[PDB]
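To keep things clear, I will list the structure first and then write my remarks on it.
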Amino acid sequence: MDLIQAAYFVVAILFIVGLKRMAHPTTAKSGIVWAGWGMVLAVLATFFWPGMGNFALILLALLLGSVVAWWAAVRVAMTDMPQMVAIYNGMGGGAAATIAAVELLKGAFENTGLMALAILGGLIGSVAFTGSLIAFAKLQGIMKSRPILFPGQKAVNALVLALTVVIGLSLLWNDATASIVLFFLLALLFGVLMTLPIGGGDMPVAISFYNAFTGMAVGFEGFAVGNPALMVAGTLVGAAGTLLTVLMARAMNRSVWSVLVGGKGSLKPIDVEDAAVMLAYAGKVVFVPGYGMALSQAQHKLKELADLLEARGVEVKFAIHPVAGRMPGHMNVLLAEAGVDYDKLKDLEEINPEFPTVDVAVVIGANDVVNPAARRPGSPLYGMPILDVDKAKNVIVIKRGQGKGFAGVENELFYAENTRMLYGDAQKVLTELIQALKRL
Amino acid sequence: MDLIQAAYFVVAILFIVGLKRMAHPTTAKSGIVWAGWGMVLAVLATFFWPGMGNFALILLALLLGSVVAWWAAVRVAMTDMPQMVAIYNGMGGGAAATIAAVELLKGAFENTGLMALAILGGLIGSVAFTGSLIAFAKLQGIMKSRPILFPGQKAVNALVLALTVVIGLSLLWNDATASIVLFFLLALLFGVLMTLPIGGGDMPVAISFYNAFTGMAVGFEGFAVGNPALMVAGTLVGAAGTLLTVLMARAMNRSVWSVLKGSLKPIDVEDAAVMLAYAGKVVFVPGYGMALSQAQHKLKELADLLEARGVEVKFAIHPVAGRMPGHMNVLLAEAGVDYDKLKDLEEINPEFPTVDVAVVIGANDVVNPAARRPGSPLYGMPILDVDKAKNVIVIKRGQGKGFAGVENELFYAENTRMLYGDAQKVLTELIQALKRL
Amino acid sequence: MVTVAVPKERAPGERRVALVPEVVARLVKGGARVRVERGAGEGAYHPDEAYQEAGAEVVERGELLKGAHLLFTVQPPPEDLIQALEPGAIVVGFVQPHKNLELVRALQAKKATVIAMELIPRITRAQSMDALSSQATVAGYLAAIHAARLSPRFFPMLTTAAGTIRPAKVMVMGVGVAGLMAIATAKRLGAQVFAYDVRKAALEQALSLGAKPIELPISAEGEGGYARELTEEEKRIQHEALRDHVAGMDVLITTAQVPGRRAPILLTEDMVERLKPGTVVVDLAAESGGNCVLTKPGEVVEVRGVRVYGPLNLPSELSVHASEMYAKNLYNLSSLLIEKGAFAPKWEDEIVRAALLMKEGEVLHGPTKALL
Amino acid sequence: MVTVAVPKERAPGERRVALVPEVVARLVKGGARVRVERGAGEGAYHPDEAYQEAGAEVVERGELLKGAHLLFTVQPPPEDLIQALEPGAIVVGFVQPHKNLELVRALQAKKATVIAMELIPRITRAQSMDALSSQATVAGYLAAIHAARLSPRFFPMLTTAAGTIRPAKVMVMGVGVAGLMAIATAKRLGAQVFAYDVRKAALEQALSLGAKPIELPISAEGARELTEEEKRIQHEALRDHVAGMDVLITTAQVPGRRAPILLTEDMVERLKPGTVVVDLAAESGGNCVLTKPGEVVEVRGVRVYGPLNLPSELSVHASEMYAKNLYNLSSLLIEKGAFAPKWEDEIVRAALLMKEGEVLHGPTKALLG
Amino acid sequence: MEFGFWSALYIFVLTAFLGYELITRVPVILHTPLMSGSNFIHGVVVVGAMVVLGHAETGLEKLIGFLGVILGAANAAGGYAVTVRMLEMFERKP
Amino acid sequence: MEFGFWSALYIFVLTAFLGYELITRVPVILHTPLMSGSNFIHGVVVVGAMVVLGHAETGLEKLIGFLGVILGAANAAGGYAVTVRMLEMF
Ligand SMILES: NC(=O)c1ccc[n+]([C@@H]2O[C@H](COP(=O)([O-])OP(=O)(O)OC[C@H]3O[C@@H](n4cnc5c(N)ncnc54)[C@H](OP(=O)(O)O)[C@@H]3O)[C@@H](O)[C@H]2O)c1
Ligand SMILES: NC(=O)c1ccc[n+]([C@@H]2O[C@H](COP(=O)([O-])OP(=O)(O)OC[C@H]3O[C@@H](n4cnc5c(N)ncnc54)[C@H](OP(=O)(O)O)[C@@H]3O)[C@@H](O)[C@H]2O)c1
Ligand SMILES: NC(=O)c1ccc[n+]([C@@H]2O[C@H](COP(=O)([O-])OP(=O)(O)OC[C@H]3O[C@@H](n4cnc5c(N)ncnc54)[C@H](O)[C@@H]3O)[C@@H](O)[C@H]2O)c1
Ligand SMILES: NC(=O)c1ccc[n+]([C@@H]2O[C@H](COP(=O)([O-])OP(=O)(O)OC[C@H]3O[C@@H](n4cnc5c(N)ncnc54)[C@H](O)[C@@H]3O)[C@@H](O)[C@H]2O)c1
């Protein structure tokens, strides 16, 4: 099988390459095509796996399997996508569980390790199958999205699984074909049970967790029989999936353990890199400087970033609030210093009807001047001319902690659905922002 | 089914994780904590290799290799570090060529491809060993040289190689003791003849080149002896050294192939100290001159006195400033400069037009504006933008040049001024004059 | 349908006008009649015909105030204006009771509604009306311009093939609206600048531009907002270290003022004597006293070589922009007196109630009630 | 063992001292004796005791020229020192015969060697001696300061609670050494600046500092291709440009000639009220027609200032540079500390105005007839 | 961990760290399509089920292996299609 | 020890792509001490020189193995001490 293994070696590389290129901003599109050719060759090589039988049966399960999926995906809407991954993920766990049972019914191995990895791969597969279909059912509205509890379920899940394990281990000494499907349905059952307490909003992270679970399974199952391609791609997705799980929990401002059970708005912390993300790809950006920029002496790291944007062709404009800072024209002098051209410097009256077409709004050390409390007569901020920074499609704010402005009020702009927060010293962050944008 | 193998698996993970943790700066410190155990673990595990004899002789050569190098490593000055990589890189290369040598005298390969991986590793081993000994000879100084560049050498060097290859390929059907020696000799010949057209500068691009080579050698020999640690680590070192050579070749003004108007306006030490004290943003640009004189200790003392007054001080670090990779790094380490004052080119370049004074010490080509245009020789250079600063001070003895072979047009610009004298004889005069203001 | 007036100011050396043709143009666009005296904007280089094009009315003094509901003055209106007052009319503008004590007591015999512009509170509402900020801005600017005009020294660190000239060392003594303004322009030119004050918040405002703040062995302020009351063991070291730091200075720009008292002295005779010749003493506090002992109002003097200058009206010298900045201060304040071009005063307002000097021969301002 | 003498400058309204005490010290340690008159640097704020702390002898005016070999003047020596001189003695300093013809004829009647400081080569070798360089920068910096001083407008752009202030649009006409520092200081202030010159090389030096150049197109090097078509290329183009201006600083000059009329009458009528014209070329005519020499005039609404002797105003630094110009010039006249002039160096050979009385400079010698 | 024991145990850990480092330092706006990309990649289950189906003996092995080939074919063909449509929002509409 | 062809070629490829991507995100500040480590790591070349020396019989085979261990342990303990002090400079 030199031609198949050499193919499964060519297949091995293409996946990693695909995986690499699908992670990066610019190569994202092309990454999936690299992985697309690998599947064609691998399947074309296993048509030549020695001792292949039932060909008219192989071709049809390829036919009705390749279209049933391709159909279901191209026609549906753009917001029903979280659940579609889960179910395709589910069936992949089922597909691994199916490879597991066959060589278990054969008695094809008397090897005590291979069996143990065939079984352990079959367990997690059936769990990753029925788990992703319950996960599938919650976002669709066919099933209750909110967490589903019943009295004392932490001892029902853990003893359903504890048997699913002890019964899985029994297949080593006693692989009677009557304790195998009970092991399989126990995992198809624990598949349902453990995806019951997860919230409808908590479902994405669960799908990535089952995406790892399917990946892991096809690794161990790929090891259980002499199959290099499965060995390569399995743990390659598995190890990717668990990291994928934690980072997706890191973003939702939570942890993986909270979602596994969990039984006008709010502030939103963003890392220095994800801001450079929205900034590498925008078109209309407006910097809103405040007194914080001054205390940090940031002006030089700001103008440095603006030039990095002008080069990428990005339209950069500066919005100086009348009272921005502590003295009149406080910013104008500190921006005349860095060397900012005066045509890039516009006031409120000619820039406010321009904000609804502004993508990202980067506020730096400003607070009272950007505060949407100034519109209302009831606030100590009224009378002051207002900067329409909240109409911008996205907003990113820069400041160390909770420190207030002059007058001494909280800013409800920070809480906005289109506003995100960046913490730390001003020029210390812009430096990290410039460093991340050149990296992309 | 064995416990000598189990060591090697934990051995390789420690190499990889170490490597991973060594790659990044915050955890690099715990990095050598991880590979050192992978080396302590591996040596101990091979004492239990079934049926080992000569046990008195192995342990002696171990202590003779270990204690001799352990000593040489700690008692050598920090600036003389580039060649220490090369000589150990040699030792290992020699030790790799040896594994090929003994297992060809026995006639102990029941496979054609295994010999082809055993011999090829020795090819790399002998070359990477002997070349790093000539590199050693050209950085140290007891018979230092620039490129010798003899006429039509590229034809006779490519002749030797092809002749070693024909002798090497002759081992497959004829594993004669005579066919073993000449092969090694020619590999040790080519390995030298090859490090002849190499500059006493370009050596950084050659040591890692030999470092990756030693990695490949170790890789292939591991595959040849069925040794998983030398299998994994070998290619885990080679490929790292491979990218390493390129990243430190393209960080150079060069690629991986070239190796193989105004007026001067003088200034007094007292006039230069006046520029420093009132100067808000100062940047030191160091080079080979700081090294030759050993001015490093008189440079940080000026960086701290400016900082005690308030002056925002940063160090522009050209990856190629000096006669080795990170020559500035380890000297600005030996003195005790904070690495956060140490900035490479790309993070400090757009900071210059606002740098009040850009003090340059014993540097020329790294800050030469000729590297911009396709006419002059310095092209391909990641250029250091010192010319756009508002005031520039240059430290050098008189009318000397660098390496590539060009006069600097930075010296003549309306903004730049020169400071004549021995490097640390200048800086001490800068400190003590600034102390008087 | 309201009418509002704007006069030609009488105080010696004043070159300003309360309303400019531009702001006047948008107020008749607002819906009002504007009455203007013959040649009021001539100090700010806005000709007589510049206002007529806006939609106002150019007339002679006396005929100006018959009918009006709003008067917009720079400095407090004099006798012949105070008498021309109608009841239910509001007097908007600077008063400064302590210096214009006469023009004050004149307004009571006719029972007129006066609002002093110096008593605008400092929250956010009337920052677009904060005249204190706008005019001290203009002054602090020229304060530095004159400092380089009169300085025998390069403000910039001048480097040439000839030699190294160090930048002139400037000290801003008193850091406020004019102070910060003076500090900034001094660094524009290249001078290494110092900033003296007592408020730890003002010392932070200073370093934001790029200045080293003057902290003596005795920081005069701490926690809450209150400055220190030095006894006999401390106002001397405040003075001595304040005499040694000032000694090595080329320009001392001084801006320390109080709203009801004559300027407190920062530069004493002995601090003056320890000054080197060639030193420039700038004193904006001359309009109400002067920070330096040797300052005489409106005249340039020299003794032991030290040049001391004391200007009363800086906004007059930069009359074009100062008036323009002053007119919009009134315009955003017209958002509290004019309603769709109709006379709708707002007695309920916190800017008005916290700036209203009188209510028809009725001094609300306790301090203005205090001085009489 | 050589002796240097420093006289008090007595021309109408000057405070520049030839040698500051800090330079005399380099000469006293440089081997020389320096004689200084009683009260010379009291214009540049250098007291008597400052000079005697360096190593000099404070003496009377009649006592000033007893044995002294070199005479360092700022402006050409009055005739009371032309007579107290010594033989072979060589005078150094501005002589400029267009204001001092009769004092120039007084030095040639006496037979004294003289060097004029408006004759130093304008190549980069002799930039460390160049007086008018160090005395055109001191004026140009002040050209911008007086522009802002007299200006009723703001130079920088400022966004305040009271509207958006636009920067003062400044033009610096004739950009030499006085033109270069009149831009940068106006740039320091935050003004939008423009710079006009007949030369291509002074349009690139101006663009270098940041300003956008005015729209060409002549040569004239180096009022020669300027008068081809007789200045109807100069008067035609920038009449529409000056219409946007807030400030006009003019330094344009031709060595020994009348100052070319840059600002006429129909050009200053399009000028806005509050506009400022600073004319440094007031000492040999006027770039503008309305420049009354030494007086702050104002017509229609445009203030016209013609500043005579601007280095005088910035005495401490103008003298500090000028003395260094003289100290670095003293390396061709003083060997270790003994009178040793160089008659054979190209800098002395193109500047030696008179040797032994005979006027060596070209036209110099012309008019005196 | 077989073919032979140690060789693939290396492979396993060498794939565990390689997949890890490949996913370290990934942006936030690309969190779901890469998850859709990995979902496709582990759809390899087909190749192994094709063999398992090509080696079906006891008839009961003929149906559950027939299921797995479809189950896998759905994970693959369905993985690719979900990843392509997620990448077209990252492109401008021509 | 028994290591197959396809099992080894995967390892080969896996540790190759592993190291590659570890080294991708290196700061300029690390290049030299980072070089000193890889120099140390391949000092595992003692193990092989030790294995082959414990298998020598003739008079000329026993020598070059003794040579290979001195070079190896010198590459081993030499690479460690040059990097310990290079990493100490932190
Ligand atoms: N300009 C005038 O003439 C004038 C006159 C009167 C009143 N005012 C007042 O001035 C105020 C101007 O408002 P504004 O929005 O421009 O400023 P602001 O409301 O005072 O907000 C300043 C913010 O900057 C942040 N900051 C400070 N140092 C920082 C650093 N190193 N890095 C990052 N962030 C930093 C602070 O938060 P952290 O502490 O959490 O970092 C602080 O909340 C107005 O409220 C007005 O009432 C101005
Ligand atoms: N580091 C690397 O990675 C590397 C490796 C290979 C090649 N290179 C090449 O080397 C060049 C690097 O340029 P560089 O600026 O770092 O160094 P450089 O251009 O070689 O400059 C060396 C200068 O230092 C001065 N100097 C020597 N001793 C001195 C002392 N005691 N006091 C004062 N000055 C002294 C000399 O000038 P005076 O004689 O006038 O004093 C000499 O011109 C590049 O062109 C590059 O191609 C770099
Ligand atoms: N921001 C504010 O709250 C505020 C308050 C008042 C005035 N201002 C404005 O600031 C501008 C300038 O004023 P300033 O604040 O710079 O002046 P300033 O900060 O210099 O203060 C006045 C001076 O009085 C002295 N002083 C006061 N009490 C003393 C005591 N008990 N013992 C010894 N010395 C004492 C201090 O040395 C101080 O320098 C003015 O235009 C004014 O409108 C602002
Ligand atoms: N290293 C250097 O680059 C350097 C330094 C200093 C001086 N220089 C040289 O010294 C020379 C003397 O300069 P200066 O300061 O005595 O000149 P200046 O002070 O008399 O100013 C006159 C300037 O106006 C320009 N001008 C002449 N005729 C004009 C006209 N009709 N309209 C408009 N502009 C006109 C000239 O180009 C000149 O630059 C320059 O030519 C220059 O080349 C060179």
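Each chain in the structure tokens gets a letter, A, B and so on, in the order shown; residues start at 1 in every chain, and ligands are counted from 1 in the order they appear.
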
With only C-alpha atoms and all ligand atoms counted, collect every polymer residue having an atom within 7 Å of ligand 1; state the result as a ChimeraX atom specification. /A:290-293,295-296,323-328,330,364-370,398-407,424-426 /C:122-124,127,133

If you count only C-alpha atoms and all ligand atoms, which residues end up within 8 Å of ligand 2, as a CSV table (one decimal) with C-alpha atoms, in the first residue's frame?
```
chain,number,residue,atom,x,y,z
B,199,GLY,CA,33.1,37.2,5.0
B,200,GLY,CA,34.4,37.6,8.6
B,201,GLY,CA,31.1,39.5,8.8
B,202,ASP,CA,28.6,37.2,7.0
B,203,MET,CA,29.4,34.5,9.6
B,204,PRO,CA,26.1,34.9,11.5
B,205,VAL,CA,24.4,33.7,8.2
B,248,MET,CA,18.7,36.4,10.0
B,252,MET,CA,20.6,41.4,7.0
B,253,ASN,CA,21.0,43.7,4.0
B,254,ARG,CA,21.4,40.5,2.1
B,286,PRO,CA,25.1,51.5,18.6
B,287,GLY,CA,27.4,49.5,16.3
B,288,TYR,CA,30.8,47.7,16.0
B,289,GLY,CA,32.7,50.7,17.3
B,290,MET,CA,31.1,50.4,20.7
B,291,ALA,CA,32.3,46.8,20.7
B,292,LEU,CA,35.9,47.3,19.6
B,293,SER,CA,36.6,50.0,22.3
B,294,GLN,CA,34.3,48.3,24.8
B,295,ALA,CA,32.2,51.5,25.3
B,318,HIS,CA,19.7,47.1,14.0
B,319,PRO,CA,19.6,43.2,13.8
B,320,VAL,CA,22.9,43.5,11.9
B,321,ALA,CA,24.6,46.1,14.1
B,322,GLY,CA,28.0,44.6,14.8
B,323,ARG,CA,29.9,41.4,13.8
B,324,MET,CA,27.4,38.8,14.9
B,325,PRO,CA,23.6,38.2,15.4
B,326,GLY,CA,22.4,40.4,18.2
B,327,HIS,CA,25.9,41.7,19.0
B,361,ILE,CA,28.0,55.3,18.4
B,362,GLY,CA,30.5,53.4,16.3
B,363,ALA,CA,28.0,52.7,13.5
B,364,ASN,CA,28.0,53.3,9.7
B,365,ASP,CA,26.3,51.0,7.2
B,366,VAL,CA,23.3,50.2,9.4
B,367,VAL,CA,22.3,53.9,9.3
B,378,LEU,CA,23.8,48.4,0.4
B,395,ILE,CA,30.9,58.8,17.3
B,396,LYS,CA,34.0,57.5,15.5
B,397,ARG,CA,37.8,58.1,15.6
B,398,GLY,CA,38.4,59.8,12.2
B,399,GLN,CA,38.0,58.9,8.5
B,400,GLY,CA,37.1,55.2,8.7
B,401,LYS,CA,34.5,53.0,6.9
B,402,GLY,CA,32.4,49.9,7.8
B,403,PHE,CA,32.0,46.6,6.0
B,404,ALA,CA,30.1,46.9,2.6
B,420,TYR,CA,35.7,62.4,16.9
B,421,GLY,CA,37.6,60.0,19.3
B,422,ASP,CA,37.8,56.6,20.9
B,423,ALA,CA,34.3,55.4,21.7
B,424,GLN,CA,34.4,55.2,25.5
B,425,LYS,CA,36.9,58.1,25.7
B,426,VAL,CA,34.0,60.1,24.0
```

For chain A against chain E, which residues fall within 6 Å using only C-alpha atoms, given as a count of residues only? 26

Check every protein, DNA and RNA residue against ligand 4, keep those with an atom at most 7 Å away (counting only C-alpha atoms and all ligand atoms), and present them as an mmCIF file with C-alpha atoms, in the first residue's frame.
```cif
data_model
loop_
_atom_site.group_PDB
_atom_site.id
_atom_site.type_symbol
_atom_site.label_atom_id
_atom_site.label_comp_id
_atom_site.auth_asym_id
_atom_site.auth_seq_id
_atom_site.Cartn_x
_atom_site.Cartn_y
_atom_site.Cartn_z
ATOM 1 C CA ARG D 122 28.898 81.073 0.489
ATOM 2 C CA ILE D 123 30.186 77.489 0.227
ATOM 3 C CA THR D 124 29.812 74.948 3.063
ATOM 4 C CA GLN D 127 29.852 78.269 7.184
ATOM 5 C CA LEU D 132 25.575 87.369 7.619
ATOM 6 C CA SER D 133 24.375 83.777 7.989
ATOM 7 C CA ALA D 136 20.173 86.717 8.878
ATOM 8 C CA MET D 173 9.119 86.215 0.082
ATOM 9 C CA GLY D 174 12.758 85.849 -0.915
ATOM 10 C CA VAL D 175 13.934 82.853 1.089
ATOM 11 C CA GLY D 176 17.612 83.087 1.939
ATOM 12 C CA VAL D 177 18.951 82.652 5.470
ATOM 13 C CA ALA D 178 16.506 85.294 6.702
ATOM 14 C CA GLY D 179 13.733 83.562 4.737
ATOM 15 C CA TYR D 196 8.542 82.480 -2.888
ATOM 16 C CA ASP D 197 11.987 82.692 -4.493
ATOM 17 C CA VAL D 198 13.294 83.194 -8.038
ATOM 18 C CA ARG D 199 15.551 80.150 -7.538
ATOM 19 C CA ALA D 202 15.261 77.897 -2.552
ATOM 20 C CA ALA D 223 17.589 89.675 -11.051
ATOM 21 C CA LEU D 226 13.802 88.071 -13.804
ATOM 22 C CA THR D 251 13.832 89.231 2.897
ATOM 23 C CA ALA D 252 14.654 89.390 -0.837
ATOM 24 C CA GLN D 253 17.949 91.218 -1.520
ATOM 25 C CA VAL D 254 20.657 91.613 -4.195
ATOM 26 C CA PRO D 260 13.637 94.438 -6.159
ATOM 27 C CA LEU D 262 8.117 92.649 -4.721
#
```

Got a sec to check which residues lie within 8 Å of ligand 3, using only C-alpha atoms and all ligand atoms, and send them as a ChimeraX atom specification? /C:122,132-133,136,173-179,196-199,202,227-230,235,254-259,264-266

Those residues you just picked out, can you put them in a file as a tab-separated table (two decimals), in the first residue's frame with N, CA, C and O atoms?
```
chain	number	residue	atom	x	y	z
C	122	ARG	N	-18.70	77.28	36.11
C	122	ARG	CA	-17.73	76.51	35.32
C	122	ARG	C	-18.06	75.02	35.10
C	122	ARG	O	-17.15	74.22	34.85
C	132	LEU	N	-14.51	83.65	30.21
C	132	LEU	CA	-13.28	83.58	31.00
C	132	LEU	C	-12.21	82.77	30.29
C	132	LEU	O	-11.03	83.14	30.29
C	133	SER	N	-12.64	81.66	29.69
C	133	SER	CA	-11.76	80.78	28.94
C	133	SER	C	-11.31	81.40	27.62
C	133	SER	O	-10.13	81.38	27.28
C	136	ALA	N	-8.94	84.90	28.07
C	136	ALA	CA	-7.65	84.60	28.70
C	136	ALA	C	-6.80	83.73	27.77
C	136	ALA	O	-5.57	83.69	27.90
C	173	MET	N	4.15	81.64	36.12
C	173	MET	CA	3.90	81.71	37.56
C	173	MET	C	2.44	82.05	37.81
C	173	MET	O	2.02	83.21	37.71
C	174	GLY	N	1.68	81.02	38.14
C	174	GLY	CA	0.23	81.09	38.07
C	174	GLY	C	-0.18	80.37	36.80
C	174	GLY	O	0.10	80.84	35.70
C	175	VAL	N	-0.84	79.23	36.96
C	175	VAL	CA	-1.23	78.41	35.82
C	175	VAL	C	-2.76	78.33	35.73
C	175	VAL	O	-3.41	77.52	36.41
C	176	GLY	N	-3.32	79.20	34.89
C	176	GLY	CA	-4.76	79.23	34.60
C	176	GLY	C	-5.02	79.29	33.11
C	176	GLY	O	-4.19	78.84	32.31
C	177	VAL	N	-6.16	79.85	32.72
C	177	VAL	CA	-6.58	79.90	31.31
C	177	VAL	C	-5.54	80.61	30.44
C	177	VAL	O	-5.24	80.17	29.33
C	178	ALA	N	-5.01	81.72	30.96
C	178	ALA	CA	-3.94	82.45	30.30
C	178	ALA	C	-2.60	81.72	30.45
C	178	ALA	O	-1.80	81.68	29.51
C	179	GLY	N	-2.38	81.16	31.64
C	179	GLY	CA	-1.14	80.46	31.97
C	179	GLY	C	-0.84	79.31	31.03
C	179	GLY	O	0.21	79.30	30.38
C	196	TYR	N	4.60	77.37	37.50
C	196	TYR	CA	4.34	77.52	38.93
C	196	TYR	C	2.86	77.72	39.24
C	196	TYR	O	2.18	78.52	38.60
C	197	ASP	N	2.39	76.98	40.24
C	197	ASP	CA	1.04	77.10	40.76
C	197	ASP	C	0.98	76.46	42.15
C	197	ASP	O	2.01	76.07	42.70
C	198	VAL	N	-0.22	76.36	42.70
C	198	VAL	CA	-0.42	75.73	44.00
C	198	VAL	C	-1.35	74.53	43.92
C	198	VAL	O	-1.19	73.56	44.66
C	199	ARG	N	-2.32	74.61	43.00
C	199	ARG	CA	-3.28	73.54	42.78
C	199	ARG	C	-2.61	72.34	42.12
C	199	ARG	O	-1.98	72.48	41.07
C	202	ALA	N	-3.78	71.88	38.67
C	202	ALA	CA	-3.15	72.80	37.71
C	202	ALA	C	-1.75	72.32	37.33
C	202	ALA	O	-1.32	72.50	36.18
C	227	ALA	N	-6.03	74.82	49.62
C	227	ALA	CA	-4.62	75.21	49.65
C	227	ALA	C	-4.14	75.47	51.08
C	227	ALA	O	-4.96	75.70	51.97
C	228	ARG	N	-2.82	75.45	51.29
C	228	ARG	CA	-2.23	75.61	52.63
C	228	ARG	C	-2.16	77.05	53.15
C	228	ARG	O	-2.01	78.00	52.38
C	229	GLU	N	-2.28	77.19	54.47
C	229	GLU	CA	-2.16	78.48	55.16
C	229	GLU	C	-0.86	78.54	55.95
C	229	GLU	O	-0.83	78.25	57.15
C	230	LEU	N	0.20	78.93	55.25
C	230	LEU	CA	1.55	78.96	55.80
C	230	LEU	C	1.65	79.89	57.02
C	230	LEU	O	1.09	80.99	57.01
C	235	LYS	N	6.20	80.17	54.75
C	235	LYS	CA	6.00	81.12	53.64
C	235	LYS	C	7.32	81.80	53.22
C	235	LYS	O	7.36	82.56	52.25
C	254	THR	N	3.60	85.86	34.30
C	254	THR	CA	2.82	85.78	35.55
C	254	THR	C	1.34	86.11	35.35
C	254	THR	O	1.01	87.16	34.80
C	255	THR	N	0.46	85.22	35.82
C	255	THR	CA	-0.98	85.32	35.53
C	255	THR	C	-1.93	85.16	36.74
C	255	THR	O	-3.12	84.88	36.56
C	256	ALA	N	-1.42	85.34	37.95
C	256	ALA	CA	-2.20	85.11	39.17
C	256	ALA	C	-3.23	86.22	39.49
C	256	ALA	O	-2.85	87.35	39.80
C	257	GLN	N	-4.52	85.88	39.42
C	257	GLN	CA	-5.62	86.83	39.69
C	257	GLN	C	-6.71	86.27	40.61
C	257	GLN	O	-6.80	85.06	40.82
C	258	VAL	N	-7.54	87.17	41.15
C	258	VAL	CA	-8.65	86.82	42.05
C	258	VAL	C	-9.89	87.70	41.72
C	258	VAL	O	-9.73	88.89	41.45
C	259	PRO	N	-11.12	87.12	41.73
C	259	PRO	CA	-12.32	87.89	41.37
C	259	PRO	C	-12.94	88.73	42.50
C	259	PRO	O	-14.06	88.44	42.95
C	264	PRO	N	-2.38	89.34	43.98
C	264	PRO	CA	-1.35	88.92	44.94
C	264	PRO	C	0.04	88.83	44.30
C	264	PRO	O	0.16	88.42	43.14
C	265	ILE	N	1.07	89.20	45.06
C	265	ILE	CA	2.44	89.35	44.55
C	265	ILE	C	3.23	88.04	44.54
C	265	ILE	O	3.41	87.40	45.59
C	266	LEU	N	3.70	87.64	43.36
C	266	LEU	CA	4.55	86.47	43.24
C	266	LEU	C	6.03	86.85	43.13
C	266	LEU	O	6.89	86.12	43.62
```

Given only C-alpha atoms as the basis, pick out the residue of D:325, D:364, D:75, D:287 nearest to chain C. D:325

DSSP says alpha helix (DSSP H) for which residues of chain E? Put them as a ChimeraX atom specification? /E:5-23,33-41,45-54,60-87
